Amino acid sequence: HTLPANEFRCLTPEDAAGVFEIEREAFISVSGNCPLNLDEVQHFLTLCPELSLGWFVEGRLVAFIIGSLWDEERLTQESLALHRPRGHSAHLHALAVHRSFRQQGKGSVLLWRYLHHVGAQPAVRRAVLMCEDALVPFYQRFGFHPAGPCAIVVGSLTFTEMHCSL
């Protein structure tokens, strides 16, 4: 009968379009590239939707986290497009908040819910991600520890890998 003021739920492939739209502004306008194109978003939301989370406000997506499983200590280039069903690491591929909803704790709220969400599943023992240097301290607030230069290369951008024990 109405659109809920707030709703948190795992994403589905039908949400791919909304996710990519946010990435356009959140990533592409910044670097001319993003972590997941439409096909890649649909890929993970098809194989492992349970490793995704979305925040909707009045029927519209405002924040999301899309992940998959990884089965190696460190992130690698191939890790970008893979889901290792037998892995024990929740690899956060993309995390973003709609431009009109930032700086109000939504990112922190979503990340914390995500960590508890994935850390409730019988194989996820760790969470891994890569981020720009300036964001390392932000993630340390969630239990993540800096783990050196990430091997993953994206254009002229370099990242610091971070791991969190769950």
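The first residue of the shown sequence is 1; numbering continues from there. We call the rigid core the largest set of C-alpha positions that still match within 1.5 Å between the two forms.
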In 5 other deposited structures of this protein, with the rigid core superposed, the stretch whose C-alphas stray more from the shown form, 32-40 or 129-137, is 32-40
For a rigid core alignment of each structure in 5 other deposited structures of this protein onto the shown form, which stretch has the higher root mean square Cα deviation: 53-61 or 108-116? 53-61
When the C-alpha temperature factors are averaged for each of 42-50 and 26-34, which stretch ends up with the higher value in the entry? 26-34
Mean C-alpha temperature factor, higher of 121-129 and 96-104: 121-129
Pull the Cα B-factor of residue 157 out of the PDB entry and bin it into the chain's lowest, middle or highest third. highest
Taking the entry's C-alpha B-factors for this chain, is residue 88 in the lowest, middle or highest third? highest
Could you look up the Cα B-factor of residue 57 in the entry and say which third of the chain it sits in: lowest, middle or highest? middle
In terms of the CA temperature factor given in the entry, to which third of its chain does residue 66 belong: lowest, middle or highest? lowest
Divide the modelled residues of the chain into thirds by Cα B-factor and specify which third, lowest, middle or highest, holds residue 135. highest
